[PDB]
Every structure is written in C-alpha cells, then in structure tokens.
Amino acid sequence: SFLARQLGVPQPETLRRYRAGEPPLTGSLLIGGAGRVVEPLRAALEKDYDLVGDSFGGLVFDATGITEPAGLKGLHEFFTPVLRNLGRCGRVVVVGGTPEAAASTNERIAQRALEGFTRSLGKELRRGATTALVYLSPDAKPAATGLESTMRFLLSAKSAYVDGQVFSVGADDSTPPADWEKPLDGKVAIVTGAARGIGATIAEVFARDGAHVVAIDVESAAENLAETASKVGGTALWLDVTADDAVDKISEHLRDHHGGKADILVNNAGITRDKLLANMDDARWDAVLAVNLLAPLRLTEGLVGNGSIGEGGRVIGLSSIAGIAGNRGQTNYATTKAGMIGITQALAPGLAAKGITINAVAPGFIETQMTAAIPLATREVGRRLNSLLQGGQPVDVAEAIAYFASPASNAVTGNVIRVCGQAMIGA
C-alpha cells in the first residue's frame, strides 16, 4: 500500500481465506436478536461452530422479530456492547424478512431500513471484518434449511472479499451437501473463459469442492487452458462461445464425457474493447455485445432448452461493477454487464419452475492481468477505495460463484452479489 500517506489510509489486513481443516471462523459465534431465525440457526450451527454460550468470530443478529421501526432500537442494543470484541476478519450478518413480503407496511419499513444499517456498519469495522444483510422469505418453514448455504458462506473465510452486500433467500427448503467441505461432489461444471485468471481459478475452486470441470476457452489460449484442465483434472474444450454451433459443440462434449448432462454453467468469458462512445466504431461495440451478453444468454437458453442442464442445475454469470455504477469509456462493456444482471433477473422465474437457479457475481477490483494493465496511480487508488483497503483476488470471486453453485443454495436465485470488498463506488 505505497500511497497510504498520500490517501490518508490504514495498512490493509491480510485477509484470511479458506484452508481445509481450519475452523470456519477464528472466534466464537454470537447469535442474538429475536424472531424466527435465532433458534433454528443456533441449532444448525451447534456442531460446526462455536456458539456462545476471548474474541468473537461471528456476530449474527436476527432482525425478523422487528415488526415496526421502533424495534430497530435492537440493532443498537445487541451490536454496541459487542463490536468492541469482534476479532480479526470477523463476520456480522443481520438476517431480516424480505421487505416486499412483509406482513405489514410498518414491518416492511423496518426491514428495508436494515440496509442502511448494515452498509454503514460495513464502514466502521476493523482488521478485516465484514458485514452482510440476508433477507429470508416469510414463507420459509421455521427450520429454515434454505438459509444454511448462505450463512455458511458468510460465516467463513470464503466470503473474505464479500462486504456490505444483500442476499435474498427465497422460501424453498434445502438439503445439506453430504459434506459441507466438499459441496460440489460429483457435479459437472462448464466454465467459459477458463484458460487463465478468474475463469481458471473458478475451475480450481470448483474442482477443490469436488466437481468435474469442462474448461472452455479459444484455440489462441490452449496451453494455459491445457494447464488449467490438467490441474483441476478436468477436460479442455477449444470453442468460440459466439459461434452458431457453440451450444452443439458443448452438448457433444457432454455426450462423450459426462452422460450428456451438466449441473453448472458459469458464463465467465468476456472481453473489453474500451473507448468513449463519441469515438466508438461498430466493431468495438458488436464484439463486446456478442461475447459478453449475446453468448451467455444463448449458452443458457441453449443448454437448458436442449436438456443438458436440468433439475438442480446452477447458472452463475459474470457481471461487473461497471454494470451497476457505469464507467467512463465502457458504454459497451457496462451495457453487457448490466445485461448480465438482466439475464439473471429475467430468466430466474422460468428457470425456477425448472428447478434451476441463476445468479450473477459482480467483481470489484481484482488483481488480474487487466487491473495490472491500468496506470499505476489510477490502479493503486482503485485498489484501495473500499472498506477492506485492498484489491480482491481471483479466489474471492470463485468462492462467491461456488456458494451459488452449491446444491444447498437452491433457495437462492435472481441474486446479484458484489465481490468488491465494499467498494465505495455504486448506483
């Protein structure tokens, strides 16, 4: 952090990321509040976590009990005497009931208001700690199995760069994977743009979690793609995702390798022909659309509609912060990455009725060749302009994607999660 003097900014925390064998949080877990979540959750986490009843690993507050704005006082009552004790890379999650679904307008106002609390708290925490808000459907049964994959993602090292975000967990029940630490056991994952970078690390994490990976890139990058296939022990596929025949060239690979079925599609491939719109030609427009928006919609509609992905399937699309907040010289790119959010939102109901979920991850600043291609000052500021005072890592994005891919994450669809470390920029 070489400009910490210039921008009056703290040294960053070394963010704790996932290691097999290590406990999920580094302290004890406090589950307070009142409502229909405190007891179930206390119950679901007894064994894997360290429930009070030193230093707090986690702080979960149950806001579902708060049915009017006057109840909000509780956030205060619970949080104030404990923040003093939140350990390194601690985890604070408020859980509320879906505001549009609330039993009163009064209730709805209190639950909506929660975001202001969580995102503000995100900005006060220290030494690597992060906040999250999670809404749960009031039609969720009292055990709330559908909430588990989400709580377990946040209440761990994996959500290391997920900060100040809002998760929406629907009403369906869920079944734990056989092994929370091998959640994608015997799953078939297609990962486009897997030669290098984020796509590659998706593959790695997927494979670490138990999945068989189909690593797609173009022939130009086969070598790095061979290197990825090897390392996850998956299979390569040389393919332009924009080609008429692409959907067919994937189903056939599935037919020769995987009984013709897949469980997970990750639309990760992308390109960035940047330029100001005043100076934008047709070719720099079209390419970006083709790769970035036209293809993922087609691979999604294609593979589902040809039966390659069916019940229990998962589709995670790679959005971007530019897609939400906009970015100078990226009217093409930000249109595609906004469209990506379109696909997630537009397709979710139809796919829901097919037992398929779809979500998007919007990465923030991530160390990659591409951030490495930005002028160093502009680059360094960018790297530092977030609650967590540093740039993300490709693992941090893959994690978010692997939380979505989870078989227990079935109650979570239509979600867009930023992996930005609570970057200051946004809509």
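Numbering starts at 1 and runs along the sequence shown. Whichever C-alpha set is largest while still superposing within 1.5 Å between the two forms counts as the rigid core.
> Determine, for 54-62 and 35-43, which one has C-alphas that on average lie farther from this form in 4 other deposited structures of this protein; superpose on the rigid core first.
Higher average C-alpha offset in 4 other deposited structures of this protein goes to 54-62.
> Which stretch is less alike in 4 other deposited structures of this protein, 312-320 or 76-84, counting RMS CA distance after the rigid core is superposed?
Comparing 312-320 with 76-84, the larger C-alpha deviation in 4 other deposited structures of this protein belongs to 312-320.
> As a check of understanding, is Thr371 unmodelled in at least a third of the other compared entries that model its flanking residues?
Yes, left without coordinates in at least a third.
> As recorded in the PDB entry, how many deposited residues are without coordinates between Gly53 and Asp54: none, 1 to 3, 4 to 9, or 10 or more?
Gap between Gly53 and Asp54: 4 to 9 residues without coordinates.
> Quick check on the record: does 214-222 or 352-360 carry the larger mean Cα temperature factor?
The recorded data point to 214-222.
> Hey, which bit's got the bigger mean C-alpha B factor in the entry, 176-184 or 109-117?
Result: 176-184.
> Looking at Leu59, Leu389, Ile66, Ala398, which has the biggest Cα B factor in the entry?
Of the options given, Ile66 has the highest CA B-factor in the PDB entry.
> In this PDB entry, which of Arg314, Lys158, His253, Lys123 has the top CA B-factor?
Across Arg314, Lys158, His253, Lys123, the entry lists the biggest C-alpha B-factor for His253.
> So where's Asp245 on the chain's Cα temperature factor ranking, which third?
Tercile = highest for this residue's CA B-factor.
> Determine, from the deposited record, the chain-internal third of the Cα B-factor for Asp281: lowest, middle or highest.
As the PDB entry reports it, the C-alpha B-factor of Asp281 lands in the highest third of its chain.
> When the deposited Cα B-factors of this chain's modelled residues are ordered and cut into thirds, is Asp163 in the lowest, the middle or the highest one?
Ranked within chain, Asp163 CA B lands in the lowest tercile.
> Going by the recorded CA B-factors, say which third of the chain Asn85 sits in, lowest, middle or highest.
For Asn85, whose C-alpha B-factor we compare with every modelled residue in the chain, the answer is the highest third.
> Test of reading the entry: by CA B factor among the chain's modelled residues, which third contains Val9?
Highest third - that is where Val9 ends up once the chain's C-alpha B-factors are sorted.
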